[PDB]
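Novice: sequence-free structure coming up:
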Ligand SMILES: [Fe+2]
Ligand SMILES: [Fe+2]
């Protein structure tokens, strides 16, 4: 295949430059890399590759990838190709992918607008095949720049895969029957649509409220606070799906079931031996809802209470009341108050200054191997 | 099918009924009913250790202590362990039972590096002990939460043999230069079990040595990088003993050295998802220190152990001990910050997250091998 020849050429160069990450911004390296890219019989003739070669050859005087990002942001085609350095996506160096876009609801894209691209990866180099790489952000390029209107990509096929591997088995085992009826047996296109709604609502709400990111990002990287921010925007997404009447009723309920099931189940067991950021926040949600009448435990199984929408509003309101005090107190004091809220509903070890999976989800992890 | 399998069936069934009652595990109303159920169990209730627990549980309201059970266990009246457990890092354990077999020990090792350590294989056990998380059992894991300096500490060597077979061997083949661990190459389970038992005996002994031993300084060594650094301090101490103590059999000591080194350099280095755990942070500190100070070399992504590695290991231990020695003239909090500074020089510490990332070398190995 012609695209398969291109990607085979990318993987071979990637293999040659692995172990050269310390010189990814050194011009002698970039000059050589650019030359090998230009001479690749198939890769080198791609328009996106013309752009990268140009950016790299000019990097000594202009350290950014403007021609590459212009191509990508303008969607000149559906190929992405660049040199990457994202510490949380370590598999990414020289990488290539082709994507396909997904259907989009007009009201959703208009009322909750953001430069979000929910896409499926069709083909890709080796670095993009890691299960860790679920998205691609503009600062992940070696230049490290992000602008408000740079496109952000979410690889929806990977979230479908995660839903079918973890969430479904968790729904069967942990939820009371009838908890997520639209999700039962739903095909991959159905899950795809719901996941695409989730990422659009997610990125939009990151920018809303009194401590939005990127502005307050450096105050929201502590494990419990990073998770809480992810939870804040997804609870907002859930409530949008429940409350905004201009969204199609069937797709809106489906997306609500998706976001809630992901936040309640899949995210709640992430991380070994300790919960990661998302899991701490999901365990905060679990215990908050239990204590405030939004869910109930019957026979080791979770029942969703009819009052759940009101308890979700209560929970988001609570987060927003803490964040609102940024106007009258320091960011550090809000941090302490968000931490104090989290620790009331999670298993925090004050000597380790870290968290343990609450027993409910520790048992589930043991039972299901998740 | 087995009298022990009948006993365990009773424990497992009693375990199931009291799951969901952990908050009542010290409530005397619960304890009377648990004790009564244990006493009335047809096979379990006959056991001396079960009579000891019933006695302990019935008196808990006035003496919250499992003295009779622990006396039985610490005196090795038989090879059975049975108690009610509450260990936050071993969440599978509630009412549990196991039978063990001890392992042979080198006499010089056991005398010169003495500690109340019991390297054992689990023969049969209740469900809680079957979790791969449960690799050991400490005295404070019982509901009474007490540990005495001479309480026996158990390590389940069969699970460490399992982990070495499933992870370490695969990492040796893929990551080390050939010839790196010649004695461990194709060693049978009996051989690995022997080295592992040496590892745990030296490990527990050295925990108690130095200027900031545990348990005395335990609450200063629970932060992730410091907890890992303390595991690494005692295991490097163990490596050096195997290389330097001439009264240990040479063949067995080198095998044990290979085992401790391979475990710390490889298996522990990849622990934790998405971030390294305590052990992995310290193991990556060791990797980078050794790389930068001439103890190992990387050639095309494969590790070569330098002949100078004994001297670099001594230098590394000497450096930890220089930092810890200042406990005598500064606060434990000041020593903590210097241990952190030392660690962060050689690990990938994200200062905004206040946590660590797997260094790229081991991040790629996790991706490649699924470890
Ligand atoms: Fe996010
Ligand atoms: Fe230890």
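Specialist: Here it is on my side, so go on. Numbering: from 1, shown residues only, chains lettered A, B, ... in the order given. Ligands and ions are numbered 1, 2, ... in the order given.
Novice: Could I get the full set of strands for the stretch 151-300 of chain A?
Specialist: A:152-155, A:295-298 (DSSP state E, counting those that start in this stretch).
Novice: With the stretch 1-150 of chain A instead?
Specialist: A:79-83, A:94-101, A:116-124, A:135-136.
Novice: With respect to burial, which of the strands of the stretch 151-300 of chain A scores highest?
Specialist: Comparing the strands of the stretch 151-300 of chain A by mean neighbour count (mean count of other CB atoms under 10 Å in any protein chain shown), strand A:152-155 comes out on top with a mean of 21. In this view, the C-beta of every residue, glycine as well, is placed from N, C-alpha and C.
Novice: what's next to that one, contact-wise?
Specialist: A:80, A:99, A:114-121, A:128, A:133-138, A:196, A:199, A:203 (CB atoms under 8 Å, 6 or more residues apart in numbering or on different chains).
Novice: Apply 10 Å and report the result again.
Specialist: A:72, A:80, A:97, A:99, A:102, A:114-121, A:124, A:128, A:133-138, A:140, A:146, A:161, A:195-196, A:198-200, A:202-203, A:206 (CB atoms under 10 Å, 6 or more residues apart in numbering or on different chains).
Novice: Separate out the buried members of these.
Specialist: Among those, those scoring as buried are A:72, A:80, A:97, A:99, A:102, A:114, A:116-121, A:124, A:128, A:133-136, A:138, A:140, A:195-196, A:198-200, A:202-203, A:206 (criterion: 16 or more other CB atoms under 10 Å in any protein chain shown).
Novice: In CSV: the strands of the stretch 1-150 of chain A, plus distance to chain B.
Specialist: Shown next, in CSV, are the strands of the stretch 1-150 of chain A (distance: least, CB to the nearest CB, whole Å):
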stretch, distance to chain B
strand A:79-83, 15
strand A:94-101, 14
strand A:116-124, 15
strand A:135-136, 14
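Novice: Which residues are in contact with residue A:323?
Specialist: Residue A:323 neighbours (CB under 10 Å, 6+ apart): A:209, A:210, A:211, A:212, A:216, A:228, A:229, A:232, A:334, A:337, A:338.
Novice: Apart from its chain neighbours, what residue comes closest to residue A:131?
Specialist: residue A:158 (6.8 Å; CB to CB, 6 or more residues apart in numbering or on different chains).
Novice: The one you found - how many residues pack around it?
Specialist: 20 (other CB atoms under 10 Å in any protein chain shown).
Novice: sorry, back to before: let's have the strands of the stretch 1-150 of chain A in a markdown table, adding distance to residue A:60.
Specialist: Below are these laid out as a markdown table (distance: least, CB to CB, whole Å):
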| stretch | distance to residue A:60 |
| --- | --- |
| strand A:79-83 | 15 |
| strand A:94-101 | 19 |
| strand A:116-124 | 29 |
| strand A:135-136 | 25 |
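Novice: Show me the helices in the stretch 151-300 of chain A, by range?
Specialist: A:156-162, A:168-174, A:188-206, A:223-243, A:249-261, A:277-291 (DSSP state H, counting those that start in this stretch).
Novice: most packed of these?
Specialist: Most buried among these, counting by mean count of other CB under 10 Å: helix A:277-291, with a mean of 24.
Novice: before we move on, the earlier item: any chance of TSV for the helices of the stretch 151-300 of chain A, columns distance to residue A:350?
Specialist: Shown next, in TSV, are the helices of the stretch 151-300 of chain A (distance: least, CB to CB, whole Å):
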stretch	distance to residue A:350
helix A:156-162	33
helix A:168-174	29
helix A:188-206	30
helix A:223-243	13
helix A:249-261	31
helix A:277-291	15
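Novice: of all these, which lies closest to residue A:301?
Specialist: Comparing these against residue A:301 with CB to CB, the closest turns out to be helix A:168-174 (6.5 Å).
Novice: Give the other helices and strands that that closest one contacts.
Specialist: Helix A:168-174 is packed against helix A:249-261, strand A:301-304, helix A:359-368, with contacts defined by 3 or more CB pairs under 10 Å, 6 or more residues apart in numbering or on different chains; DSSP states H and E.
Novice: Just want the angle from the first one to helix A:277-291.
Specialist: Using axes from the mean of the first three to the mean of the last three CA atoms, to 10 degrees, one finds that helix A:249-261 and helix A:277-291 are set 100 degrees apart in direction.
Novice: Which residue is the nearest non-sequential neighbour of residue A:94?
Specialist: residue A:14 (4.6 Å).
Novice: Tell me how many other residues crowd the one you found.
Specialist: Residue A:14, neighbours per other CB under 10 Å, totals 20.
Novice: Any chance of a markdown table for the helices and strands packed on helix A:168-174, columns distance to chain B?
Specialist: Output for the helices and strands packed on helix A:168-174, formatted as a markdown table (distance: least, CB to the nearest CB, whole Å):
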| stretch | distance to chain B |
| --- | --- |
| helix A:249-261 | 21 |
| strand A:301-304 | 12 |
| helix A:359-368 | 4 |
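Novice: who in the stretch 251-370 of chain A is up against chain B?
Specialist: By the rule CB under 10 Å from any CB of the partner chain, the part of the stretch 251-370 of chain A lying against chain B is A:270-274, A:276-278, A:297, A:299-300, A:347, A:349-354, A:356-363, A:365-366.
Novice: Select only the buried ones of the residues you listed in PyMOL?
Specialist: Of these, the buried ones go into a single PyMOL selection, burial set by 16+ other CB under 10 Å:
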select buried, chain A and resi 270+271+272+273+274+276+277+278+347+352+354+356+357+358+360+361+362+365+366
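Novice: from the stretch 151-300 of chain A, which residue is nearest to chain B?
Specialist: residue A:221 (4.2 Å; CB to the nearest CB).
Novice: returning to what we had before: want to throw the helices and strands packed on helix A:168-174 into CSV with distance to residue A:240?
Specialist: Output for the helices and strands packed on helix A:168-174, formatted as CSV (distance: least, CB to CB, whole Å):
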stretch, distance to residue A:240
helix A:249-261, 8
strand A:301-304, 18
helix A:359-368, 27
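Novice: Nearest to chain B: which residue in the stretch 1-150 of chain A?
Specialist: residue A:90 (4.2 Å).
Novice: Between the two ends of stretch A:282-301, how far is it?
Specialist: Here the two ends of stretch A:282-301 are set 16 Å apart, with distance taken as CA to CA, to the nearest Å.
Novice: How about stretch A:327-336?
Specialist: First-to-last residue span, stretch A:327-336, CA to CA: 15 Å.
Novice: And for stretch A:28-48?
Specialist: This stretch, stretch A:28-48, spans 22 Å end to end (CA to CA).
Novice: do the same with stretch A:20-27
Specialist: First residue to last in stretch A:20-27 (CA to CA) measures 13 Å.
Novice: What residues of that stretch count as buried?
Specialist: Those would be A:24, A:25, for stretch A:20-27 by 16+ other CB under 10 Å.
Novice: What of stretch A:25-34?
Specialist: Those buried within stretch A:25-34 under the rule 16+ other CB under 10 Å are A:25, A:29, A:30, A:32, A:33, A:34.
Novice: ok, now which ones touch the residue nearest to the third one when sequence neighbours are not counted?
Specialist: This points to residue A:30. Closest residue to residue A:30 apart from its sequence neighbours, by CB to CB, 6+ apart: residue A:56 at 4.5 Å. Contacts for residue A:56 (CB under 10 Å, 6+ apart) come out as A:24-25, A:27, A:29-35, A:37-38, A:65, A:67-68, A:82-83, A:142.
Novice: among those residues, which are in helices?
Specialist: Counted as lying in helices by DSSP state H, out of those, are A:27, A:29, A:30, A:31, A:32, A:33, A:34, A:35, A:37, A:38, A:67, A:68.
Novice: hmm, back to that, quick check: the gap between the residue of the stretch 151-300 of chain A closest to chain B and residue B:50.
Specialist: In this view, residue A:221 and residue B:50 are 51 Å apart by CB to CB, to the nearest Å.
Novice: Residue A:219 now?
Specialist: For residue A:219, the distance to residue B:50 (CB to CB) stands at 54 Å.
Novice: before we move on, back to that, most neighbours among the contacts of residue A:323, which one is it?
Specialist: residue A:229 (26 neighbours).
Novice: you'd agree that one is up against residue A:219?
Specialist: Yes - assessed by CB atoms under 10 Å, residue A:229 is found in contact with residue A:219 at 9.4 Å.
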